[PDB]
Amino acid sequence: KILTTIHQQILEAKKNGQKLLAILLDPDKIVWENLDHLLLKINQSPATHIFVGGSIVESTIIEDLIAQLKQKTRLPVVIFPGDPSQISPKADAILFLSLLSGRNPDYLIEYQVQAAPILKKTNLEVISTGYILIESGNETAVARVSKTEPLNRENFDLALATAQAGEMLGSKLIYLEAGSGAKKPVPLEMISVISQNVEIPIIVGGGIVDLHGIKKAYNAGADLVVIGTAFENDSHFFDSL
């Protein structure tokens, strides 16, 4: 590869039609006795990025995990934060999320204002990300912790308007999120509608439990797919015959 910001890496990949893949590691769900093996499987996988976050956990545990990732893998490590406490200076970048599907100001601006001076004392690449929670069948942790409601999974116009408002406000990425372990993944037609009508790259995650689901999301217009649960449940998820 070449030395680039992660933002430029994603933009170039989208322009060149090259699909990206992030494995999400949730530090609260990591069994450390098995982490060495897990990182070997990440290295062997087609993953292009490692995302870290997805649970409220003490900062030291996140820092410990990120230190292992930076030692034992060569992938960019992007923090996927729920709270400013999850900021770790050892990561490469941070998705600076705003929960655009929600109307809880803590997750629209308050935590971001708290985070800004913290991020200024790090070398993290900060990538504004419009985070849109899509209803998926059961209540997810994102909705629980944020005390917000997801966007109706059949209201394509609202999901689009939300992504477009994000883009207009200056989001550099849209992340369409069904939630960790979602029963129903983000609808493919929603991915298509949004990817055809915004210009910025689209991340899709939540509820994707087989390779076919990844391919379908890509085909529908996802530029980067996130897999957490399926790889947490099976370190061999990406194995081939």
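Residue numbers here begin at 1 and follow the sequence given.
- Higher mean CA B-factor, judged across 30-38 and 64-72 from the recorded values: 30-38.
- Taking only CA atoms, the mean B-factor in the PDB entry is higher for 206-214 than for the other of 171-179 and 206-214.
- Between the residues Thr140, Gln114, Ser101, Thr129, it is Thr140 that shows the highest Cα B-factor in the PDB record.
- Highest C-alpha temperature factor among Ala13, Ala222, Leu25, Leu21 per the entry: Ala13.
- Ranked within its chain, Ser85 lands in the highest third, by CA B factor from the PDB record.
- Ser136: CA B factor lies in the highest third for its chain, per the PDB record.
- When the CA B factors of the chain's modelled residues are split into thirds, the value for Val52 lands in the lowest one.
- Per the deposited record, the Cα B-factor of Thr122 falls in the highest third when ranked against the other modelled residues of its chain.
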